[PDB]
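What follows is a pair of forms of the same protein chain, given separately as structure tokens and numbered structure 1 and structure 2.
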Structure 1
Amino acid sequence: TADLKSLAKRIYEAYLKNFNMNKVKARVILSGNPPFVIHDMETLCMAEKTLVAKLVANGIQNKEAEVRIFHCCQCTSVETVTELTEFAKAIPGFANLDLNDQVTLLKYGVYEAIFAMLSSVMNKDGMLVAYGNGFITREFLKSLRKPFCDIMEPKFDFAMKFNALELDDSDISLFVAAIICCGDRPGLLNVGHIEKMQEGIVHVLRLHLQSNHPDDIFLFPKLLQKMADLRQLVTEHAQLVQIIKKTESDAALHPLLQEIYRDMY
């Protein structure tokens, strides 16, 4: 229907406006200011001097490479949280929710959305970083000292299967909106209204996938399962972050992310 197709287009346009990275932009870069390839410590350190110069301007006081990398991971998440917060305003009913419910939905949804969207910048060999200006290899990330080598690999595993679904930005935008609209998040004040907001977005997602992916009759339930898989990926990620927090004193957690993780798992 015109209203439902228009809603899907709205959410797609809001996604293109609000996220610095989209799947088309990522694919243009990945196909070959080209991205600097980070595949070892030499190339990490060269990339840092150009792309995150302040982080390595401290001489012998610079942090360990793994800690610098984790800091850059967190800065990326902080920026994506800001983008997701603006995007959520395009979702029918979201801005009409109580301010506290908006906070709760974003708190529990952002990392699920982050890992879903991260797939768009990942291939089997590595991922784009730093606003598309670096490509860091999967093998380099696996080579880091424990526990830091354990951060990205499960996200690559998720992404390879997610990317095999061959979603486009029009699908991913609605999937991210659906992640944000979960009525079963803890602490919600108006569950009923959130459930109806969820039902509306999920209806739009179902119809859109039927229209955009006529070849895959299971795509909607596949994506419902991916949402559950993302919840488990995030719980596991939070457990690893808590290990880092307890055992890696140099790996300072950004305060916005500390609040997101607080009282989550």
Structure 2
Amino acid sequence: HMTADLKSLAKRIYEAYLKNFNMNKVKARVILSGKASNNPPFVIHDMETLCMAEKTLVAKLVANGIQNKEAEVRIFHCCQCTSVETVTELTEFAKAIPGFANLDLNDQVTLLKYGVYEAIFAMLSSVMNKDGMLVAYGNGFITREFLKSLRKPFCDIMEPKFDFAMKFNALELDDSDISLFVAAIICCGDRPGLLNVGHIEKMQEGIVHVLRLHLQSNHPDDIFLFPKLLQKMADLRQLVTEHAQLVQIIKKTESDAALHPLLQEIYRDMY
């Protein structure tokens, strides 16, 4: 059962999550359901609407050397910028997890290096439905079919994330569940190269324990929701392993698809 120290751990993880992530599930579902506004996001569903959307982003695109690259390269330059922002928010989120900042700096780097994209793809589900995903802070909606329509290999990047997201979203998690889930992802004792594995495993056990009790209380009828989420954690590691492999393939065969430096150091020597 859930004692006071455990409720407090769950509360500060939930608060750290609401503070650090501009987009979260309650905000995304309000946009995607369109029940708070008859002004829906601009839909990007083909090359013409992409180019319309990019007339808005012109100064940013011209900021880098991106405005004249292939559409596939422009799209995933913007997706990278989003990833960079989320890594920055996840780093702040992690430092607020009790015990994370006490770790050796090397272990903090390792946890984030291997954790952020598992967390990214888990939280990405919040802004996805079967037909597309919210972009540009919820102001745009880029369709699944348009992403599938791009040329190889750029058309293979997102579809597995949609596939994960549809099954993940069927669990009906709310932000309080997701914050603990993401905290469990980050505080993973398995990561290659970790030094103080005993102490991280200890930290993970407490978070995963709170996750389990929180789920049993918040979703009492879904008896095996915790086992289901354990499996989703395994699925995310495999999702991320394959994503890293695709990023490596693109980095070798695509002269024009540069990697942001922060993501470059995340992917370097990953899997």
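Definition used throughout: the rigid core is the maximal C-alpha set that superposes within 1.5 Å between two forms. Here, a residue number simply tells you its place in the sequence of structure 1, counted from 1. Residues that one form lacks are left out of the comparison.
Candidate set 65, 233, 224, 51; criterion, C-alpha shift of 2 Å or more between structures 1 and 2 after rigid-core fit; matching residue, 51. Its Cα shifted by 0.4 Å, residue 149 is compared between structures 1 and 2 on a rigid core fit. Overlaying the rigid core between structures 1 and 2 leaves the Cα of residue 100 displaced by 1.0 angstrom. 51-54, 56-61 are the runs of at least 3 consecutive shared residues whose C-alphas each shift by 2 Å or more between structures 1 and 2 once the core is superposed.
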